[PDB]
Amino acid sequence: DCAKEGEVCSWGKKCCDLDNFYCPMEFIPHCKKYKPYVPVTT
């Protein structure tokens, strides 16, 4: 079992593909697809 795209991650579950998806930092994070290659300060 895993959290698909748009599914609650972190406290909820672990995103099926953490490599292609990331878990946001909020009250109820949702699996979101991303592909960064040039991270910047923030």
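Going by the header, the method for this PDB entry is solution NMR.

S.K.: Which parts of the structure should I look at to understand unusual backbone geometry?
M.R.: What you tend to see is this: most non-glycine residues have negative phi, and most peptide bonds are trans. The backbone phi angle of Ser 10 is positive, close to 65°, even though this residue is not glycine. Structurally, the position occupied by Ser 10 is in the segment before β1 (21-22). Judged by relative accessible area, which is 54%, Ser 10 ranks as exposed.

S.K.: What is the right way to look at the UniProt feature "disulfide bond" in the protein chain in this model?
M.R.: A separation of 2.0 Å between the sulfurs of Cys 9 and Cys 23 falls under 2.5 Å, matching the UniProt disulfide annotation for this pair. Taken together, the residues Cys 9 in the segment before β1 and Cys 23 in the loop between β1 and β2 (32-33) connect sequence positions 14 residues apart. On the basis of relative accessibility, which here comes to 1%, the residue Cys 9 falls in the buried class. You can call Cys 23 partly exposed: its relative accessible area is 30%. The UniProt disulfide joining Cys 15 and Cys 31 is present here, with an S-S separation of 2.0 Å. In this pair, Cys 15 is assigned in the segment before β1 and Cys 31 in the loop between β1 and β2, connecting sequence segments 16 residues apart. The exposure class of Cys 15 is buried, given its relative accessible area of 4%.

Thresholds applied
- Residues numbered from 1 in each chain as written, not as in the entry; some residues may be left out.
- Heavy atoms only, no water.
- Helix = DSSP H or I, 4+ residues; strand = E, 2+ residues; numbered from the N terminus.
- Buried < 20%, exposed > 50% of the residue type's maximum accessible area, 1.4 Å probe, protein only.
- Disulfide = S-S within 2.5 Å.
- UniProt positions renumbered as here; feature names shortened; annotations may be inferred.

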